[PDB]
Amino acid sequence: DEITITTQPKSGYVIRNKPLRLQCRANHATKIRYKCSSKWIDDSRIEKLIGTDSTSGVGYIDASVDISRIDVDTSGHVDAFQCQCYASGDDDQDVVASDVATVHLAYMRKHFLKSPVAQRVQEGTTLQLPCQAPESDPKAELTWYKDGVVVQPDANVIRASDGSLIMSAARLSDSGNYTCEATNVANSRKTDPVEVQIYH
């Protein structure tokens, strides 16, 4: 009969030393191959699970491969590294190609594009503490910590869309050691603590 793809391979990230696993499943197919950016993935790397659907009697083949950082780096198309699945069978059936799955190397650099700095400032002063994550993929999420406690926005302190922390009228209770943390699936990094003194 006709070959169609049941599970489509999904884009995703290679994180640290953990390959990205693509899974691809096709009904009425006998062979699945993976081609990634003009190169063919060596068929010995493909882990196949073959059977017949008990309910409908329709055969299937479920193939998965681990795409590694070695693969992406040796491709020649690192910034457009993308993979596809090919379901063939009898001499009479048409090869059916899958969706394109893109594989990216997830990372987070070491240097914060914006980081706070120590301040000694008088009570009532509006103080703004900047923070912007290091260049990262996927995008990072910021959390702010005051002496180890996650800062909770209220009436005087607010988290601004640019990632900074704003205290409208600095209370004495706002003094402390502040740190910004950036997090994504690849790493989690904190600025060195800066000190904030509020006096009168």
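All residue numbers are counted from 1 along the displayed sequence.
When the C-alpha B-factors of 142 to 150 and 55 to 63 are averaged, 55 to 63 comes out higher. Relative to one another, 106 to 114 and 70 to 78 have unequal mean CA B-factors, and 70 to 78 is the one with the higher figure. In this structure the maximum Cα B-factor among 162, 47, 174, 135 is found at 174. For residue 131, the recorded CA temperature factor ranks within the lowest third of the chain's modelled residues. Per the deposited record, the Cα B-factor of residue 25 falls in the middle third when ranked against the other modelled residues of its chain.
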